[PDB]
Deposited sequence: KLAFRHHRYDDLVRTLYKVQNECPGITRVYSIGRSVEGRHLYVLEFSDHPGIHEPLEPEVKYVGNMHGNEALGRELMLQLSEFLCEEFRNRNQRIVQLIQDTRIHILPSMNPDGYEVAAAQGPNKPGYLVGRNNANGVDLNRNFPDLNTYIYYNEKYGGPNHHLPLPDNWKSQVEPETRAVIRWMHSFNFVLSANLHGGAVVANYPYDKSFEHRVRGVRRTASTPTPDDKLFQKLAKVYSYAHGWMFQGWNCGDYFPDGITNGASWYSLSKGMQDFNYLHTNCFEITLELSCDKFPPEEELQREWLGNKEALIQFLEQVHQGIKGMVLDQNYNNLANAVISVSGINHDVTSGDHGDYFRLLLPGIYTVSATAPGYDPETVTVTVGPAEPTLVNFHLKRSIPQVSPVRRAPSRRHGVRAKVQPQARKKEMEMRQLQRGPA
């Protein structure tokens, strides 16, 4: 079993391949790009059929260490990787089924360059700032295109409520780590995600940027539930009193806590179908090694429950006049000003709390189709659409 110590780049890489070697049939290690200094942003994928998207099977992801000195997310992801493989081998059906019905992508470190700087300071005592930024001195969580300005306007005066476009030269305005992550987001239809931070203990959800103050999304109720699921499954987050901060239910709207623009969280929601929340897991950004095991044991149940949350709401296929799959179709839910689209295979996913909704689907060159559906508290309900040409 992996030791509860801090793993630097080389050990992190060895760990991922070690897990892959132990569970060859359900894992795949791949890089989404290189850091400023040449380090690979390695991702470990779990699935009973790795390397391929299966229709109606949602894709989810965990991202940690975007801030070099926030190492807990990094270690929790390495421990989680070993845990998933072990439990699969133990034949724990909760985990086996999770892996069989979901495609899980784990990125332990989005800022490997910064981590090395943080780890060398002390060592392992970077304090509040050392290694936070990437090699070019840029804060990656202030490096993503700001799409909030557009959505706030569109919510007020009307207009597109999803997949806002990036600036023409975005590839030259972002850091290599950021660019790698954005291309990654463009490569898979991620449905649910969590970015792991350090510095506080609370489940942070959209929107991060203040409208001017609490700044909710059209999916506020859902996001609160998603945040609460992690908070209440977590060992002490739900307490609300951590690091001298008080957060009722251990959750918080980002903007309400403090305004933040150009962050990765809101980018996910406004540029893709992925609903992401930010999990602050510890007052100490770089905890001592003797605390890693307690943190792991206090987080694992929540880490599993959060991923299981992707299996709720509705999902289905959007078909054209010949009954062939229709990619990029738009699915909208009455009362919720935020749509989602079908992926390349024609399948779409829509997280929703229990209730009765009026759902509609459409696509360029086709006429809308509306249906009324009932969403239960358990598994998702299959809702397909057959569109006719305009």
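Legend entry - Deposited residues without C-alpha coordinates, grouped into stretches that follow sequence order: Counting from residue 1, the stretches without coordinates are 213-221, 400-439.
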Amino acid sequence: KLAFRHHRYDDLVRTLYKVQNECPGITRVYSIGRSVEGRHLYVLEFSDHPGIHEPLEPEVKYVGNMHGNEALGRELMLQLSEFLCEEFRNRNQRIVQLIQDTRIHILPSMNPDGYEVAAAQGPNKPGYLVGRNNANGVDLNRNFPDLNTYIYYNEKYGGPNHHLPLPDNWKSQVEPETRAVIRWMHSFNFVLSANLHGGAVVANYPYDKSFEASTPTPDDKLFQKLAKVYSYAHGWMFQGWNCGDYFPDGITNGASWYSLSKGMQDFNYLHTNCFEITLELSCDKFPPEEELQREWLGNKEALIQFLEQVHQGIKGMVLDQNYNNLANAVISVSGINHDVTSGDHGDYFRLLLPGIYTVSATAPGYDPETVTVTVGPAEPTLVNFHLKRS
From here on, numbers count along this sequence of modelled residues.
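Inset, instruction - Identify the stretch, either 150-158 or 267-275, whose C-alpha atoms have the larger mean B-factor according to the entry. - result: On average, C-alpha B-factors are higher across 150-158.
Inset, instruction - Can you let me know which of the two, 166-174 or 194-202, has the higher average C-alpha B-factor in the entry? - result: For C-alpha atoms only, the mean B-factor is higher in 166-174.
Legend entry - Largest Cα B-factor, entry values, listed residues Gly235, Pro112, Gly73, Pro123: Comparing C-alpha B-factors across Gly235, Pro112, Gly73, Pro123, the maximum falls on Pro123.
Legend entry - Residue with maximal Cα B-factor (values as given in the PDB entry) among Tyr230, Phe223, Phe88, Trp241: Comparing C-alpha B-factors across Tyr230, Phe223, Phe88, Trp241, the top value belongs to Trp241.
Inset, instruction - Sort the modelled residues of this chain by their C-alpha B factor and say whether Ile314 lands in the lowest, middle or highest third. - result: Middle third.
Inset, instruction - Can you work out whether the C-alpha temperature factor of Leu353 puts it in the lowest, middle or highest third of the chain? - result: Highest third of the chain for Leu353's C-alpha B-factor.
Inset, instruction - Could you look up the Cα B-factor of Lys61 in the entry and say which third of the chain it sits in: lowest, middle or highest? - result: Ranked within chain, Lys61 CA B lands in the lowest tercile.
Inset, instruction - Could you look up the Cα B-factor of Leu44 in the entry and say which third of the chain it sits in: lowest, middle or highest? - result: Answer is lowest: the recorded C-alpha B-factor places it there.
Inset, instruction - Divide the modelled residues of the chain into thirds by Cα B-factor and specify which third, lowest, middle or highest, holds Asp208. - result: It belongs to the middle third of the chain when residues are ordered by C-alpha B-factor.
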